[PDB]
Amino acid sequence: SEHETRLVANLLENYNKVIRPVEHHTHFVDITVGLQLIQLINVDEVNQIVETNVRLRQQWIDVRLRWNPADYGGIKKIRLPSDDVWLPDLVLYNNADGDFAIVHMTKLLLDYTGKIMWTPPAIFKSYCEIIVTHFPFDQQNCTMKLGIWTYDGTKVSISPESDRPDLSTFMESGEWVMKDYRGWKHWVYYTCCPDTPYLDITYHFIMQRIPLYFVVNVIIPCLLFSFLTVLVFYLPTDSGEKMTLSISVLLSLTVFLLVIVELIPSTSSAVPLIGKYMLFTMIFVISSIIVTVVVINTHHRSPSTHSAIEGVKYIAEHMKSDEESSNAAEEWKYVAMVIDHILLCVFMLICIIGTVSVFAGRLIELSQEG
Amino acid sequence: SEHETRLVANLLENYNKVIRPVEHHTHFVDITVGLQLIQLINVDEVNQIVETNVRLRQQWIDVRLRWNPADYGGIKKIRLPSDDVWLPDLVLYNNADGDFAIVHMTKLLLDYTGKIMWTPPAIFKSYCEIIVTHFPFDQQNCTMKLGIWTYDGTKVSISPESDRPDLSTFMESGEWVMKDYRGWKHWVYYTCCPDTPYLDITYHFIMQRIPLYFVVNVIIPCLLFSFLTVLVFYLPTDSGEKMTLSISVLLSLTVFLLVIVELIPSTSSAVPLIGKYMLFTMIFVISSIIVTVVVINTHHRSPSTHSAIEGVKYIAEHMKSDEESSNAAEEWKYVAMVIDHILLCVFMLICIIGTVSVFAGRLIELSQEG
Amino acid sequence: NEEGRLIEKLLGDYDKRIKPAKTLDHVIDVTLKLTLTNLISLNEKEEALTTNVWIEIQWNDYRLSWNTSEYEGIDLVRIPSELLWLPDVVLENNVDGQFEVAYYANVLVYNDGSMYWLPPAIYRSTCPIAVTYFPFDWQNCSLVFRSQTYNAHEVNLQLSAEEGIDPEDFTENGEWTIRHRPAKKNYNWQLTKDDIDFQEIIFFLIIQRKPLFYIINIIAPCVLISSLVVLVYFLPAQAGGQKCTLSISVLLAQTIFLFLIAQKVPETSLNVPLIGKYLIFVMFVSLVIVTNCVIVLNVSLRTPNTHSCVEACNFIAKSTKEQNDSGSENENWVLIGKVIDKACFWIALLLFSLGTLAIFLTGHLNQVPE
Amino acid sequence: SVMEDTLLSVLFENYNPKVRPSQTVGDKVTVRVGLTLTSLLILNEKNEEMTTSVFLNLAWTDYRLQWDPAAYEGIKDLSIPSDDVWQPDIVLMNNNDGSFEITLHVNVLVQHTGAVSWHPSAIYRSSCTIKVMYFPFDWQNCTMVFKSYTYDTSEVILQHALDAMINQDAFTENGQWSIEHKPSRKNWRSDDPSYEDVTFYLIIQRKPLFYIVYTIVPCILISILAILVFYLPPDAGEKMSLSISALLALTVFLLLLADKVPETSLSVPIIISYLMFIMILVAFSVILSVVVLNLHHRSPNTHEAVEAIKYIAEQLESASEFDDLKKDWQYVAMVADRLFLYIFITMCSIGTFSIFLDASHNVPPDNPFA
Amino acid sequence: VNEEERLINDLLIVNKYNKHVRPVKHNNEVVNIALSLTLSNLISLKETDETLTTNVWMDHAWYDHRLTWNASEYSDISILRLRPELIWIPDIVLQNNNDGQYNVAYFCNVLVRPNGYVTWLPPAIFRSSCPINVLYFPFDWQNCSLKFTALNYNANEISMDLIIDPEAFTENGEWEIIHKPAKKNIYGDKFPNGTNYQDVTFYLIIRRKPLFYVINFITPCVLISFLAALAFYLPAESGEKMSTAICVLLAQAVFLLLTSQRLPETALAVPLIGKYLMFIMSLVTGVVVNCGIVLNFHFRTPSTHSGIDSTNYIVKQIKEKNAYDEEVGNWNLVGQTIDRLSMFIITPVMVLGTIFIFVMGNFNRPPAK
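Residues numbered from 1 in each chain as written, not as in the entry; some residues may be left out. Chains lettered and ligands numbered in written order. Heavy atoms only, no water.

- The record lists cryo-EM as the method behind this PDB entry and 41.00 Å as its resolution.

What follows is the structure in structure tokens.
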């Protein structure tokens, strides 16, 4: 009725969708961004890729959408679908690995005045720093910049909307844990050109990694091996009868250490941990190495151990006596006096190396835990 | 000017692309096709997949494209957008594993006459036999037929154009090498239907495969494992005192090659070959087992080598004489003589079945090499 | 200012698929350039890569220089993809995957008819890295890209610095490094015999890699391994009799470890590129380790066995003593360890040599290409 | 004829495609949603991912499509492609982990006075909380919330069928699991203005009994060699060394088991239960075998004149046999017996415990099938 | 020109013909539609999850009464082409195997006969969830059932009436195709109050199993078994190889364990039955048991596991005395038990070894029955 058909048709005719609500040569189209990650689905620190939930709150005004009693008078605020709207080519700077998912053909709301919001339920593919400094106990801050993609601060400008945590909807299924995250605004003008360039939202993800299951399995076969090597020390000094017997273990255990290496480097390759983490294992594991080789070479270190009728009796007794000598010689080879030395020599070494391994372990755990 | 609007307008009205330049009830549409292959980026012998590029040189004629001083006169040869063309649904009969890529949205060659060509830099994934007989030394010729998809002879016809090799631009980084490549045409009518069916170009790729990597490591552990087997035989002569030691190395050996066959199945099923090959390794190596079977079984083959004062002097030397003839008994079995026949018995037999392995192996390559 | 009428005027005559070519004998002036921003996947064994390229596209078409209502209004215009001549880009030698987000994006029409456009593109390509690129001397990645549509007699591409870079935004998480990026603007005439040149864009990228992490995983194990065998070598002089087999247990253990390595890193090179030089030192320094290793057992294999009534009976017993002595004497002339002791120093210096030969040469293959 | 062209016309003249079968802001269109499940194909019980297939039966009324003589009274039922009605762009609050396949753009069943029937089967990528709690016998339940992803319940009301319909209504027979019931409850969380999603409960039971069977054999068979290594001491004390061989062997075996367990939960993990205590059972055989190994270690050794010669002989022998008799006193077998029965207590106690826990785990936490 | 411009203007396919309207001569029984199924290839089989990717030639036929042409259409050429959007196309749904939408068997070029009859038949790369069940492994290897038909239309808007499966069975499959019957039908159901959509029901009864796993897998068993078999022959020839004999247990043990490990791996990739999987692991356990037996049986026994006259009598004393020790050991040796052991190892190996291929047969006979 009330100019019913005349209302609706007029609107279609003189209105070009593609036109950008440019208002004189100035303020650019003022458009603000506001991301609220509802939640995260999955991440790969190794490949620094994340699939996340984002509701993008996009705001801007088109004074061409203002109305009178025949549009606003009809029903204050209403639902108009996107299409007709000029969609900022939003883009995560050093990220952007994937298209915005569910950004397309959604709707928006127009007020009696004009103000419009476009907030389609997104979830997409991301790309943020993790560097080999993300899995640390001391984390790294995922630097993520967002802003207008192909338009300049003269044609348009993307601005921020508010502060909010990243652990606000951080995934509890993540193999990592959050410290804090902040985001502040910025305008990037380049010494290149004397012009005034796009605006941007810079995310900073500060989170520290490593789920604790890993922790237990690995350090215990170490104190495990510690005891066998501990036995590697005590077994010899309290019984050199199974030196070779332990030859076996030395084989079974470094190979155990070798195969643990396949498993945890793929972990290494599975998750990017700051290499300086690797040196822990480096000297630790390798002392199992230098100690053995010496301990067991030393274990090994030892030469071979690892009237007339009366005279008959004395030529015979003399035979038993110098072989008597001989027996004592090889025993004069494998002494039990210094195998005790190596026992405390290295156990203090191990309690040193060990407590030294615990050192930096404990130390930056004095930093991380904080 | 020169009938400017009158010439391009008339052309669009009475011109159609859905249609094919059919000329009376005869030879079909004269389609000229050919392979111009210049790169083979990826292929898998195992899955017999091939993603290569071949510009689809097509050549046929449409009189309707003939012109006078107002199109020919304009500029002899003019290239029209492909859209105006009836594009055949060409496809790799036993291949075609992938869409041709880069053919859409392209340029078409038109002549004053009507001649037309359009060589598209088509890249696509293919699927042709390689079977387990793909990579031998004696090759297999992958049968690759190509021709119209859903159109029968009564409407479109294609034919070869020229012979060109497959090695003309074959991959020098290929894990294979070519010998020859032939392509002849034909038309296939089927006993099913009394009708005259599609035409097609059949390529045959004749090329021998197999780098030598897998080769070097199959035979190294073999000679090396034959060294320990050789040790297997020689030790009882030079150190039978380590027969058990021998046992250890058979648990060693055995596990190693049982593990060698693990690699085989992975690699083999990971990279295709005619089974007849592994047959070589099969018995040859079951031979080291069959032989260690007998040889160490034989090695362990042997029962256990695997006045009155004058009186006791006699009860005593008696004690000694009894045992002495007895120790003679265990040596009575380890005669140190048959040990030399067993290494020589088998040294020759392994030098012979090795030379046997060597035989068909080299015979087969005196066949391949060809 | 005729703002409406002007827009409506040209759109009347506005021509889509026709190039802004003054006439037909001197082509148009097209500007292009690429700034790398992401090198997403380096699969050198197959010679392919994925990069987010800033496709800086620029050309001229005054077919739309405007008046006061559009040129003067703002010397800057952002008009839709589908609305002006667009270079369908691709890398002759590289682009193996149609560009992604490299097209259909907002272009830029200044006021004089200057056109600027720059979409980001993630796409696949195939640069060199053909049985080389793993050295210390690097194979320059040469990618030439151009429109794959028309040829330089109508289209002409431009470029800039051919001296200045790929490391501009070369990824920091790459297992490699770049040292120079040269680029030339050129005509079309290749090995394949194509004429009518369509100019293209050459992309040199001589880059370095090899930042070994596996190096010392390889370097310490081998030393531990060498020492282990040198244990096998010197440990015998130290070790007891129950050590011959002791040594054996090590061989078993030594190579269990060995081919396990042979299985570990071979995998490494297949998933990534490959090269034989570094490969040669390992397996052959490795085969020599194995060689003198089994040699050792053949060495701890070599040697023959080390692998009145009163007096008549006192006579004979004093014989068992001298008799057995002759026997223990056997042991003597047999196990007088000249070969063994010397075998230690044998492998020792041989060790030093194998090592020096290798690390000295590794010094060289880092020092010539340094 | 009866105004057929007329009706027909007017309808398509006035009918609106993109409009909602309701009049203004009110009770809205009461759409019927009800899916008869087909079957399910993959349960990623580990990440809580669900790919199933069902029918999307939708139905409401289009009093805008009521026909007349020919299409209403002529043929009360007629098929017509959707594309013309508001379609629940339904997403799943937890699930809907991906797009629709056979869900939208398909024909529908339109009845005479406006009823609409649309029955399409589809595959849908969902994600329900089967969490890492999909293996306890007490299992758990999940929330499956379906609803549109641009619409807010304001211009339509959603309504269900049964809530008991069950999910085993189309449970996959291919499922290594089983189901007890499927609850269906309609929801409108007030955290959003938009009335929305419906929660569907999975009281799932997944009992695939297949390898834990030969897992038991290790525990017990390993025990065979275990009880054996604990039994072998007073069985063959000389077990002394061979014993250590057993644990190398025993430990490598269990560590390989350690190898398959993490990679197998890698796709179907839940509570540790089984692993929790077999982990203890592990540690148990692990340490028990190692302290018995220390049981093994604890032993510092084990681990006239005429007549004068006689007398000197009398003392020689006797004197040292006591010495070696001392070794007897030292390595008697008290411990072995006592701890082989402490072995009795330990292993049969810790044994009947997880035996029990396991016992308690399958029967006790079984009835919460609700 | 024979009324051609005018006539195709008469048909105007899209404009004059109702493509959104199916010419079923209005509400009646149905348009006589017929489907033809011909598999062109089977590329992948997944026995474990009852899923198959296979290619089919979707041969379709139905008469388009509005398609009938006249001279400058019909007779001008008694056969011509017309795209999908200009040809009515049945909405053929792969009833129980289309849980994976059809590819390039979609909106493709169709064949236009002269008197309305039309023919559309392109290629279908599809995925299916065929009746594998855990019964698609016994030797019959079940019967894979599939139904094809026009999804949308019912018994008064569509009627589809009705080729071997091995006609294009893939030769690179790990199975064998024994038969493939084809019979159409139509059917209503309980909740529906009317009959509808007719369909192509095609059962594929197949079989599979390698003659290769048998090769390298039983191979080690008689080889390994001879080790355990020799194990008991070897306790005689030289039981003194105690430790070394022990080594072999570790070694034959580690061999045994991961051999079984490779077994489930291929297993999960294949739903293996409980009947067969036990004979494998049951018998390797037979040796596992006897390896443990090997243990004890091999280390099971407690031990085998006048002045001058005065002085020498001392020795004859020490003589005899430890001769008692020496012998306390052969008491344990237990050698007249030797043969019986390895004889009662032979007997059982024969019993069980036979029991298996005995069972092999007792189930090998009835299928061949």
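Observations concerning the overall build of chain E
Consideration 1: If you tally the helices and strands in chain E, you get seven helices and twelve strands.
Consideration 2: Its C-alpha atoms give chain E a radius of gyration of 38 Å, clearly above 21 Å, the size a compact globule of 369 residues would have.
Consideration 3: Counting only C-alpha atoms and orienting by the principal axes, one finds that chain E spans roughly 150 × 40 × 30 Å.
Consideration 4: When the accessible surface of chain E is totalled, it reaches about 19,400 Å², and 61% of it is carbon and sulfur.
Consideration 5: For chain E, the distance from the average position of its 29 positive side-chain charges to the average position of its 34 negative side-chain charges is 4 Å. (Helix = DSSP H or I, 4+ residues; strand = E, 2+ residues; numbered from the N terminus. Rg over C-alpha atoms; globule rule 2.2 N^0.38 Å. Areas by Shrake-Rupley, 256 points an atom, 1.4 Å probe, with all protein chains shown as cover. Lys, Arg positive; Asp, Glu negative; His and termini not counted. Charge placed at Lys NZ, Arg CZ, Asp CG, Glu CD.)

Things to note about the domain arrangement of chain E
All names here are of chain E.
Consideration 1: One can read the domain layout of chain E as domain 1 (4-208) and domain 2 (213-300 + 335-364).
Consideration 2: In this structure, domain 1 and domain 2 have C-alpha centres spaced 55 Å apart.
Consideration 3: The partner domain 2 presents nine residues to the seven residues of domain 1 that form the contact.
Consideration 4: Note on domain 1 versus domain 2: buried area summed over both sides is about 820 Å², and carbon and sulfur give 68% of it.
Consideration 5: Taken as a group, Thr48, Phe137 and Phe139 account for 62% of the area that domain 1 buries against domain 2, more than any other trio of residues on that side. (Domains from an automatic or database assignment. Contact = heavy atoms within 4.5 Å. Buried area = accessible area lost by both parts, 1.4 Å probe.)

Observations concerning the packing of aromatic side chains
Consideration 1: Under the criterion given, the structure shown has 63 aromatic pairs over all chains.
Consideration 2: With a centroid separation of 5.1 Å and an interplanar angle of 20°, the aromatic rings of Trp187(A) and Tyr189(A) are classed as stacked.
Consideration 3: What links up through ring pairs into an aromatic cluster is the set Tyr136(E), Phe137(E), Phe139(E), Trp141(E), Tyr276(E) and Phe363(E).
Consideration 4: Its guanidinium or amino end placed over the ring of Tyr150(C), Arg79(B) lies 4.6 Å from that ring's centre, counting from NZ or CZ.
Consideration 5: The residue whose ring lies beneath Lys209(E) is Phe137(E), and the NZ or CZ to ring-centre distance is 5.4 Å. (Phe/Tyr/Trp six-rings, centres within 6.5 Å; stacked < 30°, edge-to-face > 60°. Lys NZ or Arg CZ within 6 Å of the ring centre and 35° of its normal.)

Quick look at the interface of chain B and chain E
Consideration 1: Opposite the 29 residues of chain B that make contact, chain E presents 31 residues.
Consideration 2: Both faces combined, the contact of chain B with chain E buries some 2,400 Å², and carbon together with sulfur accounts for 66% of it.
Consideration 3: It is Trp149(B), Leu251(B) and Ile309(B) that lose the most area in chain B upon contact with chain E, and together they represent 20% of the buried surface on that side.
Consideration 4: One salt bridge in this structure joins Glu262(B) and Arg262(E), with 2.5 Å as the shortest N-O distance.
Consideration 5: Counting across the chain B and chain E interface gives four residue pairs in polar contact.
Consideration 6: Only helix 4 (243-270), helix 5 (278-300) and helix 6 (308-333) of chain B provide two or more residues apiece to the side of chain B that touches chain E. (Salt bridge = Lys/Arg side-chain N within 4 Å of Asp/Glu carboxyl O. Polar contact = N/O pair within 3.5 Å; in protein donor to acceptor, adjacent residues only side chain to side chain.)

Some details on the packing of helix 6 (residues 308-331) of chain A against helix 5 (residues 305-330) of chain D
Packed helices, taken two at a time, are described by the angle between their axes plus the distance between the axes.
Consideration 1: Between helix 6 of chain A and helix 5 of chain D, the least distance of the axes is 8 Å, while the angle of their chain directions is 20°. Classed by the angle they form, the pair helix 6 of chain A and helix 5 of chain D counts as roughly parallel. Along this stretch, helix 6 of chain A crosses helix 5 of chain D, giving a crossing that reads as left-handed. Every residue of helix 5 of chain D that contacts helix 6 of chain A at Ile309(A), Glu310(A), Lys313(A), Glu317(A) and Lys320(A) is listed here: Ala305(D), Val306(D), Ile309(D), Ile312(D) and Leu316(D). (Axes fitted to C-alpha atoms, helices over the stretch in contact; angles between N-to-C directions. Parallel < 35°, antiparallel > 145°, perpendicular 65-115°, else oblique. Left-handed = near helix turned anticlockwise from the far one by under 90°.)

Concerning the state of the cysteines
Consideration 1: All told, the structure shown has seven disulfides over all chains when counted by the stated rule.
Consideration 2: Across a sulfur-sulfur distance of 2.1 Å, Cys192(A) and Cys193(A) are joined as a disulfide pair. Taking the torsion about the sulfur-sulfur bond, which here is approximately -100°, the covalent link between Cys192(A) and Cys193(A) counts as left-handed.
Consideration 3: In this model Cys128(B) forms its disulfide with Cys142(B); the gap between the sulfur atoms is 2.1 Å. Here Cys128(B) and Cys142(B) share a disulfide; its torsion about the S-S bond, -105°, makes the bridge left-handed. Within this pair, whereas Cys128(B) is found in the loop between strand 9 (121-127) and strand 10 (140-148), its partner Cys142(B) is found in strand 10, the two being separated by 14 residues in sequence.
Consideration 4: Classification of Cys142(B) by relative accessible area gives buried; the value is 6%.
Consideration 5: Not engaged in a disulfide, the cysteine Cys351(B) finds its nearest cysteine sulfur in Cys222(B); these two sulfurs lie 12 Å apart.
Consideration 6: You can call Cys351(B) partly exposed: its relative accessible area is 43%. (Disulfide = S-S within 2.5 Å. Buried < 20%, exposed > 50% of the residue type's maximum accessible area, 1.4 Å probe, protein only.)

Observations concerning the UniProt feature "transmembrane region" (unreviewed entry) in chain E
All names here are of chain E.
Consideration 1: Under the local residue numbering, the UniProt record ascribes the feature "transmembrane region" (unreviewed entry) to residues 211-234, 246-264, 276-297 and 341-361.
Consideration 2: The span residues 211-234 is 92% helical and 0% strand by assignment, and the distance between its end C-alpha atoms comes to 33 Å.
Consideration 3: Secondary structure across residues 276-297 comprises 100% helix and 0% strand; the distance between its end C-alpha atoms is 30 Å. (UniProt positions renumbered as here; feature names shortened; annotations may be inferred.)

Concerning the interface of chain D and chain E
Consideration 1: Between chain D and chain E, the residue contacts involve 41 residues of the former and 40 residues of the latter.
Consideration 2: Note on chain D versus chain E: buried area summed over both sides is about 3,500 Å², and carbon and sulfur give 62% of it.
Consideration 3: The interface formed by chain D and chain E holds zero salt bridges in total.
Consideration 4: Applying the counting rule to chain D against chain E returns six residue pairs in polar contact.

Some points on unusual backbone geometry
Consideration 1: You will see that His306(A), though not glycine, has its phi angle at about 115°, which is positive.
Consideration 2: Among the structural elements, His306(A) can be located in the loop between helix 5 (278-300) and helix 6.
Consideration 3: Judged by its relative accessible area of 6%, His306(A) falls in the buried class.
Consideration 4: With a phi angle near 20°, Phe107(E) is a residue other than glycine that sits in the positive phi range.
Consideration 5: Within the element layout of this structure, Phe107(E) appears in the loop between strand 4 (92-94) and strand 5 (110-112).

Considerations on the UniProt feature "transmembrane region" (unreviewed entry) in chain D
All names here are of chain D.
Consideration 1: Listed under "transmembrane region" (unreviewed entry) in the UniProt record, and renumbered for this structure, are residues 209-233, 240-258, 270-295 and 339-357.
Consideration 2: The span residues 270-295 shows a helical share of 88% and a strand share of 0%, and its end C-alpha atoms are spaced 38 Å apart.
Consideration 3: Secondary structure over residues 339-357 splits into 95% helix and 0% strand, and the C-alpha atoms at its two ends are 25 Å apart.

Some remarks on empty space enclosed by the protein
Over the atoms, a rolling probe the size of a water molecule traces out where space has been left empty.
Residue and element names in this part refer to chain B.
Consideration 1: Considered as a void within the structure, the largest cavity measures approximately 510 Å³ in volume.
Consideration 2: Going through the elements one at a time, strand 2 (37-44), strand 3 (49-55), strand 6 (90-92), strand 9, strand 10, strand 12 (176-187) and strand 13 (199-209) are the ones with two or more residues in the lining of the largest cavity.
Consideration 3: If you tally residues by element for the lining of the largest cavity, the top one is strand 13, at six residues.
Consideration 4: Looking at side-chain class alone, the lining of the largest cavity contains 27 nonpolar, six polar and three charged residues. (1 Å grid on protein atoms, 1.4 Å probe; cavity = no way out; pocket = protein on both sides within 12 Å on 5 of 7 lines; lining within 4 Å. Points joined across faces, edges and corners; volume = space filled by probe spheres on them. Nonpolar A, V, L, I, M, F, W, Y, C, P; charged D, E, K, R; others polar.)

A few points about the sheet that holds strand 9 of chain B
Strand pairing within a sheet occurs via backbone hydrogen bonds; the two strands may be parallel or antiparallel.
Residue and element names in this part refer to chain B.
Consideration 1: Taken together, three strands build an open sheet; the order of strands is 2-3-9 and the sheet is antiparallel. With one partner strand each, in any of the chains shown, strand 2 and strand 9 form the two edges of the open sheet. The sheet shows a mean angle of 20° between the axes of neighbouring strands, direction not considered.
Consideration 2: With seven bridges joining them, strand 3 and strand 9 adopt antiparallel strand pairing. The residue bridging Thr52 from the neighbouring strand is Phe124, located in strand 9. (Pairing = 2+ DSSP bridges.)

Structural notes on the sheet that holds strand 5 (residues 78-81) of chain A
Residue and element names in this part refer to chain A.
Consideration 1: In spatial order, the strands read 5-7-8-4-1-11; together these six strands make up an open sheet with mixed pairing. The sheet is open, and its two borders are formed by strand 5 and strand 11 (156-159), each paired with just one other strand. The sheet shows a mean angle of 25° between the axes of neighbouring strands, direction not considered.
Consideration 2: Bridge count for strand 1 (residues 29-32) against strand 11 is four bridges, and the pairing is parallel. When the sheet's bridge partners are listed, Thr32 is paired in strand 11 with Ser159.

Considering the pattern of salt bridges
Consideration 1: Using the criterion set out here, one finds 36 salt bridges over all chains in the structure.
Consideration 2: The shortest N-O distance in the salt bridge between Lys320(A) and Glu317(A) comes to 3.5 Å. Residue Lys320(A) and its partner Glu317(A) are located together in helix 6, separated by three residues, close to a single helical turn.
Consideration 3: Residue class for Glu317(A) comes out buried when judged on its relative accessible area of 19%.
Consideration 4: In this structure, the salt-bridge partner of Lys76(D) is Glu73(D), at a minimum N-O distance of 3.4 Å.

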